[PDB]
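Quick one, fold the following:
(6 chains, ligands or ions: 22)
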Amino acid sequence: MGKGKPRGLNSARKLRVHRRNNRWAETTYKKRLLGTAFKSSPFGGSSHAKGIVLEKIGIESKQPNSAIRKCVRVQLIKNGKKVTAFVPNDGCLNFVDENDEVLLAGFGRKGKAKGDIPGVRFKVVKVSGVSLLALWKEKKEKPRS
Amino acid sequence: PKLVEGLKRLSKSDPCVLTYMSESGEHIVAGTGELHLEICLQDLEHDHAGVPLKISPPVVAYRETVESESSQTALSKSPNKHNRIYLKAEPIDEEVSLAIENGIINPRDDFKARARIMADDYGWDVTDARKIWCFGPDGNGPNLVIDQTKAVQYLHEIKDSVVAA
Amino acid sequence: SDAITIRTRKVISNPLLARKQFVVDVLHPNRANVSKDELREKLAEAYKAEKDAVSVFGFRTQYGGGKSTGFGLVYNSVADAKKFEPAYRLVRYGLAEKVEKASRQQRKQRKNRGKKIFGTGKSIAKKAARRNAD
Amino acid sequence: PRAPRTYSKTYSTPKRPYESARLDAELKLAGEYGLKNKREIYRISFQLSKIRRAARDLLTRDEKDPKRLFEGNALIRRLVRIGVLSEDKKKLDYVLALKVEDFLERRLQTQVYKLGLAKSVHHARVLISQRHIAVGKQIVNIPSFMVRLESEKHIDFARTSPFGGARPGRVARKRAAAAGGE
Amino acid sequence: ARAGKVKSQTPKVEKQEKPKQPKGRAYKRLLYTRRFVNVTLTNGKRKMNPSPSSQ
RNA sequence: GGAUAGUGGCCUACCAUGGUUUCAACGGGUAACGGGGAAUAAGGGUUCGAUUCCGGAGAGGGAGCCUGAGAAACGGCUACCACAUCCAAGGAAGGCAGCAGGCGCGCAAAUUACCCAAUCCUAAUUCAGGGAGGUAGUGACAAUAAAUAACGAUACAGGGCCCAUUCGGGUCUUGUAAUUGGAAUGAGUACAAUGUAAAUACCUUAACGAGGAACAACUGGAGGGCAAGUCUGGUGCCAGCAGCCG
Ligand SMILES: *CC[C@@H](C(N)=O)[N+](C)(C)C
Ligand SMILES: [Mg+2]
Ligand SMILES: [Mg+2]
Ligand SMILES: [Mg+2]
Ligand SMILES: [Mg+2]
Ligand SMILES: [Mg+2]
Ligand SMILES: [Mg+2]
Ligand SMILES: [Mg+2]
Ligand SMILES: [Mg+2]
Ligand SMILES: [Mg+2]
Ligand SMILES: [Mg+2]
Ligand SMILES: [Mg+2]
Ligand SMILES: [Mg+2]
Ligand SMILES: [Mg+2]
Ligand SMILES: [Mg+2]
Ligand SMILES: [Mg+2]
Ligand SMILES: [Mg+2]
Ligand SMILES: [Mg+2]
Ligand SMILES: [Mg+2]
Ligand SMILES: [Mg+2]
Ligand SMILES: [Mg+2]
Ligand SMILES: [Mg+2]
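Residues are numbered from 1 along each chain as shown, chains lettered A, B, ... in the order given. Ligands and ions are numbered 1, 2, ... in the order given. Let me share the structure:
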C-alpha cells in the first residue's frame, strides 16, 4: 500500500491544505477557530460570571440517583443572559438567599452537565462578595443582610 | 443589576433611607415623608442607578389563618393507585405561635421537653406533642403537622415526605 | 580584643578627581559593626588624609558580622573634597551643611503658579488691590 | 524597564503524583538526609537532571570533536569540585549515572553530620539554621549549601556563637544572673 | 427539612485539646520513623492505617 | 508634463488593453499590531506573544495645516462630528491610550507618597529641569532561600544480650512522660552607626526579648481511579458529595 497521504518531496501543499481541512473535524480546534466561547456559552468565554440570583430552584435530577438538587436561576450581568447555577453543600442556597449578586464558575466539564444535574453548567462561588465554602464551613461569616 | 448596585449606592447617600427586601420578593425604598422619597426616587433613577425606575407603592403581605377546627373530613388520593392521607386543621392558640415566632419553642429543641411544655402550659396531648415534626414553612413559622393514629407499617418514610410536601 | 582591623583594597590613584579611590575591607573580631566616624579616624591616621578629606560609603557587612566591604575615597585636600563630591556625602560627615529647601510638589506648584502669570508680579498685585472696591 | 531579571521555576514536580513506591522512596530520602520538603528532593533531582540532559546532548556527538570534549570536561570539572562525582570516574558517561542520593550527601546538611559536630543528622539542620557552622570564615544558614569538597575540611563551628566557644548558649545569661542572686 | 437538613441535624462534637503535631521537618521525622525505622507488625501484607482487630 | 527632497500611475493629458487567479487572485473573517520571544518540552510539534528590546501604528473620531532640519505634532493650532466644561447669555475654554486618582465597565489589576543622588536625556548648558527614571507604600502575578524547637538527665516501654538451674542486673543502645534542667534564637523593639538624596527595609549590634497559656500551619483529602479510616455519635434515596465511576 501507498498509505493514502501523498509522499512527494514537493507535496507539502497537498499535506498542508489537507491538514487545514481535516483539523476541522477536531472539536477542540473548531471551538477555538469559530469563537463559540465568545458568541455563545453564556459566560463570554470566561472563567466566571457575576449574575443576579433571579430565583432559588430545586432541580429534580436524572436517573440512577434521585434528589432535588437546590440550584439558582441566575441572570448573568454582562450578557443579560439567564443561566442556572448549582449551589454546592448542605443547604447553602439558604446562604445564597434571593436577589443577590452571585459569582459563578464553570462546573468543570468545559461547558456540559456535571453529572446528574440536568441543565446546570455552573457553580456559585461568591454570594454578594464572600464564598459559599467560607459560609458553609463558617470560618468566615456573612456581611449581615 | 445596575439598579441593585445603584440602590445600594443610594442607601448610603442619605442617613434615613433603608433599602430592604419585602417578604413577597420586592425591593422597597423607605422615605421619611413623601417629598423626600420623590427626591430619592428622582436621585436614584439618575445619578445612582442611572436607569429608569418602574415604580409601584408596595406589595404587601398577607398571611392566611385557619380560624375554626373543622375536625372533618377530606380524604386523599394523589394519583391512582396510591394511598391516602387525611385532613382536619386547627388553629393552635396564638400563645404557641408567639413562641415559635420568638424562638423559645424551636425546631431544634428537645422532643420530650418541648412536648411536656406544650401539653401542660399550652393545651395539648403530650403524645401528639412529641409526634409533631415540623414548624412550617419550613424550619420556622407557626404551621404544624401532627401524626395521630395507630398501626400502618411503613409510616416513617412517608412521614418525612409528608413533612417535605 | 578586636582592634577594628581595617584594610584598603584596590587603591586606584586618580589625579583627574584628586583622590585615591578604593575598597575598604574591614573586620570586627568579636565587635559588631565598624561605624563610619570610627573608620575615617582609622583612614586619617593610615593615609595622612584627616577625617575631613576621607569619604567612605557602601559597606553592608557580609553575614555573621565578620567583615564589611566599604568604598573609601581619600582626597588630596579638604577644598578638593568639597568641590567634587556630591552634597549628600558632605552632609553625612558634617563638613557641608544640610540644604534646607521646600518640598518637591510645592516647588512644582510654585513653578506652575509662576508659569501661569506673565512678566512681573507687581502689576497683578496692584490690579488685585484695585478689584477690592469692585 | 531596566530589564526583566530572569528566573526559573527551577525545581519541578514528577509527571504523576502518586507512585506509591516513589512516595516512600522520597520519604526515605527526606528521612535519611533530613529534608523538610519533597521540594528539597525534586530540587536536587532537577538540578541533577539538567546535568544529565547536557551529558546526553554531548554523548550524542563524538567525544574527540570540540564541544563534547570541552563542555563535557567543564561539566565534569564542575561536578568533581562540587564533589558529587568521584575521582575514579571522570568519564562523562559516568556523570549520566549520578543519582539524587549522591547529591544530597554532599550538602552542608550532611557534611556537618559526616564530620561529627551535630550527632543525629537533623540537629545539623537546626544548627545550620541557628547561625552556627561556618564553612569559610563566613556563616552559612542554608542547609542545602553544597559543600565544595576542597572546603569540606574548613567546616567548623562559627567564630561567633557557642560550640566554637565564644559565648555559651542564651540561658546562661539567665542562670548566671540567677546564681549570682542566690 | 428540604435544605441542608443534615448539617443542622448532627450532634456537634467539639475539637479535643490534643497536642500539636509538629510542622515542617519534624513531621517528616514522624513519617520516616512510622514507616522505615520502627517497622509495623504484618501478618501477610503491609498496612499504613490499621483497624482495631474486629469485623 | 505636473508635483515632490527625490523615484514612481504620486497627479494630469493623450494613447494602448493590460494586470492578478485553483502555485488560491478577489472577497469575508480574525475575541490579528509584526518580530524578538513565551509555555509546553525525547524527536517532530502545538498553542500564546496587549506586555521591559526592535519595528509599526494611535492619541475621543476623521480632516486640515503653522512653525520647524525633523510634525500631517495632538502635554501646537483651524474646523466638523461625538462628548462635555465655565458663565453676568453677549461669549470663553477642552482631549490622562504620561503619572497618580476616580467613575464606568467588568471574574480582573496599586499610592492624587519621596527624590534627581543613580540611569540617562534636553537646553543658551559643571550651575536648571525631568511622574523619562529611581525610591519606598500596597503586592500570595511570578520566582529564590528556609523557623515552627534542640541536647540533656530522671521516670515507664522497645532492641542487642555476660549467662538464658526460674528470675535478673540492663553492664551497652533506642523510643515515651502537663516530668524538669541547664545551653542558644531572631520573630520583635530600640540608643547608635550603617543604609540612604532624606528616610525606610536590608546586612550590624549597645540594651531587653520562650517555656507549652506561649513567640500556636494551613490547605485539601481519607471506596476506586489515586496516597491513606470498615474508628466514635448522627444522618437515613433524604440532605448532601461525586472531574469519572458513583
Ligand atoms: C409503579 C406503579 C404504581 C402502582 N403500583 O400502581 N404506583 C404504586 C401507583 C406508583
Ligand atoms: Mg425512572
Ligand atoms: Mg551572628
Ligand atoms: Mg516624469
Ligand atoms: Mg486588533
Ligand atoms: Mg500574531
Ligand atoms: Mg508584540
Ligand atoms: Mg486587544
Ligand atoms: Mg514600541
Ligand atoms: Mg479616551
Ligand atoms: Mg492630528
Ligand atoms: Mg506626544
Ligand atoms: Mg496628549
Ligand atoms: Mg492613567
Ligand atoms: Mg491581580
Ligand atoms: Mg513611569
Ligand atoms: Mg506588603
Ligand atoms: Mg530570622
Ligand atoms: Mg484537615
Ligand atoms: Mg469524612
Ligand atoms: Mg489506594
Ligand atoms: Mg469532601
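
switch to C-alpha atoms for all contacts and neighbour counts from now on
OK.

The residue in chain C that chain D sits nearest to: what's it in contact with?
Residue nearest to chain D within chain C (Cα to the nearest Cα): residue C:64, separated by 5.5 Å. Contact analysis of residue C:64 by Cα atoms under 8 Å, 6 or more residues apart in numbering or on different chains lists D:131, D:138-139, D:160.

any idea which of those is the one closest to chain C?
residue D:139 (5.5 Å).

what about that closest one, distance to residue B:68?
Applying Cα to Cα, to the nearest Å, the value for residue D:139 to residue B:68 is 91 Å.

just residue A:120 next, same as before
From residue A:120 to residue B:68 the distance is 45 Å (Cα to Cα).

Next: residue E:15.
51 Å.

Then residue D:46?
For residue D:46, the distance to residue B:68 - Cα to Cα - is 82 Å.

Check residue A:57 too.
35 Å.

who's more crowded, these two?
residue A:57 (17 against 10; other Cα atoms under 10 Å in any protein chain shown).

Quickly list what the more buried one is bridged to.
With beta bridges defined as DSSP bridges, residue A:57 has these partners: residue A:71.

the helices in chain D, which residues?
D:20-32, D:39-59, D:66-82, D:100-104, D:108-113, D:122-129, D:172-181 (DSSP state H).

May I see those organised as JSON lines, with mean neighbour count and distance to chain A added?
Below are the helices of chain D laid out as JSON lines (neighbours: other Cα atoms under 10 Å in any protein chain shown; distance: least, Cα to the nearest Cα, whole Å):
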{"stretch": "helix D:20-32", "mean neighbour count": "16", "distance to chain A": "28"}
{"stretch": "helix D:39-59", "mean neighbour count": "17", "distance to chain A": "29"}
{"stretch": "helix D:66-82", "mean neighbour count": "17", "distance to chain A": "34"}
{"stretch": "helix D:100-104", "mean neighbour count": "18", "distance to chain A": "38"}
{"stretch": "helix D:108-113", "mean neighbour count": "24", "distance to chain A": "40"}
{"stretch": "helix D:122-129", "mean neighbour count": "20", "distance to chain A": "34"}
{"stretch": "helix D:172-181", "mean neighbour count": "10", "distance to chain A": "42"}
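
Would you mind giving these as JSON lines with distance to residue A:105 added?
Output for the helices of chain D, formatted as JSON lines (distance: least, Cα to Cα, whole Å):
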{"stretch": "helix D:20-32", "distance to residue A:105": "33"}
{"stretch": "helix D:39-59", "distance to residue A:105": "32"}
{"stretch": "helix D:66-82", "distance to residue A:105": "50"}
{"stretch": "helix D:100-104", "distance to residue A:105": "42"}
{"stretch": "helix D:108-113", "distance to residue A:105": "46"}
{"stretch": "helix D:122-129", "distance to residue A:105": "44"}
{"stretch": "helix D:172-181", "distance to residue A:105": "59"}
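
which stretch among these comes nearest chain E?
When those are compared by Cα to the nearest Cα, helix D:20-32 sits nearest chain E, at 5.3 Å.

which helices and strands does that closest one pack with?
Packing partners of helix D:20-32 (3 or more Cα pairs under 8 Å, 6 or more residues apart in numbering or on different chains; DSSP states H and E): helix D:39-59, helix E:25-32.

which residues touch the last one?
So the one you mean is helix E:25-32. Under Cα under 8 Å, 6+ apart, the answer for helix E:25-32 is D:27-28, D:30-31, D:34-37, E:21.

now do the longest one
With contact meaning Cα under 8 Å, 6+ apart, helix D:39-59 is reached by D:10-13, D:26, D:29-30, D:35, D:67-68, D:72, D:75, D:92-93, D:95-96, D:98-100, D:103-104.

Give me the spatial nearest neighbour of the residue most central in space within chain C, chain neighbours excluded.
For chain C, the residue nearest the mean C-alpha position is residue C:89 (1.2 Å; Cα atoms, centre = their mean). In space, and not counting its chain neighbours, residue C:89 is closest to residue C:55: 7.4 Å by Cα to Cα, 6 or more residues apart in numbering or on different chains.

Would you check how far apart the closest residue in space to residue D:63 that isn't next to it in sequence and residue D:57 are?
Excluding its sequence neighbours, the residue lying closest to residue D:63 (Cα to Cα, 6+ apart) is residue D:69, at 5.4 Å. Here residue D:69 is placed at a distance of 12 Å from residue D:57 (Cα to Cα).

Check residue B:137 too.
74 Å.

do the same with residue B:126
88 Å.

which residues touch residue B:135?
Applying Cα under 8 Å, 6+ apart, the residues near residue B:135 are B:100, B:107, B:141-145.

Ok, residue C:5 next?
Residue C:5 neighbours (Cα under 8 Å, 6+ apart): C:26-28.

The residue nearest to residue C:89: neighbouring residues, count only.
22.

same check, this time on the one 3 residues further on
A count of neighbours around residue C:58, defined by other Cα under 10 Å, yields 12.

for chain A, longest helix please?
helix A:13-23.

Let's see that helix as PDB, backbone CA atoms only.
Output in PDB follows, covering the C-alpha atoms of helix A:13-23 (Å, rounded to 0.1, in the frame of the first residue of the first chain):
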ATOM      1  CA  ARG A  13       0.800  21.900  -0.200                       C
ATOM      2  CA  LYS A  14      -1.400  18.800  -0.500                       C
ATOM      3  CA  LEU A  15      -0.400  18.000   3.000                       C
ATOM      4  CA  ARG A  16      -0.700  21.500   4.400                       C
ATOM      5  CA  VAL A  17      -4.100  22.100   2.800                       C
ATOM      6  CA  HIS A  18      -5.300  18.700   3.800                       C
ATOM      7  CA  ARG A  19      -4.400  19.200   7.400                       C
ATOM      8  CA  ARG A  20      -6.000  22.600   7.500                       C
ATOM      9  CA  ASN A  21      -9.200  21.000   6.200                       C
ATOM     10  CA  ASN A  22      -9.200  17.800   8.300                       C
ATOM     11  CA  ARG A  23      -8.500  19.600  11.600                       C
END
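
Centre of the chain to whichever helix or strand comes after it, how far?
Where DSSP states H and E defines the elements, the next helix or strand beyond helix A:13-23 is helix A:27-34. Computed by Cα atoms, centre = their mean, to the nearest Å, the chain-centroid distance of helix A:27-34 equals 17 Å.

What of stretch D:60-68?
With Cα atoms, centre = their mean, you get 30 Å for stretch D:60-68.

which other residues reach it?
D:58-59, D:69.

run the last query once more with 10 Å
With Cα atoms under 10 Å, 6 or more residues apart in numbering or on different chains as the test, stretch D:60-68 has contacts from D:54-55, D:57-59, D:69-70, D:72-75, D:92.

Please apply the same query to stretch B:89-108.
B:65-72, B:109, B:114-115, B:117-118, B:121-124, B:133-136, B:138-145, E:8-9.

What of stretch C:111-119?
Against stretch C:111-119 from outside (Cα under 10 Å, 6+ apart): C:105-110, C:120-121, C:124.

returning to what we had before: just to be sure, which of the contacts of residue C:5 are found in helices?
Short answer: these have none in helices (DSSP H).

what residues does chain E put near chain D?
Counting by Cα under 10 Å from any Cα of the partner chain, the residues of chain E lying close to chain D are E:23-33, E:35-37.

ok, back up a step: widest-spaced pair of the contacts of helix E:25-32?
Using Cα to Cα, the two most remote members of the contacts of helix E:25-32 are D:28 and E:21, lying 20.0 Å apart.

secondary structure class for the closest residue to residue A:43 other than its chain neighbours?
Using Cα to Cα, 6+ apart and skipping residues adjacent in sequence, the residue nearest residue A:43 is residue A:49, 6.0 Å away. Following DSSP: H, G, I helix; E, B strand; the rest coil, residue A:49 is assigned to strand.
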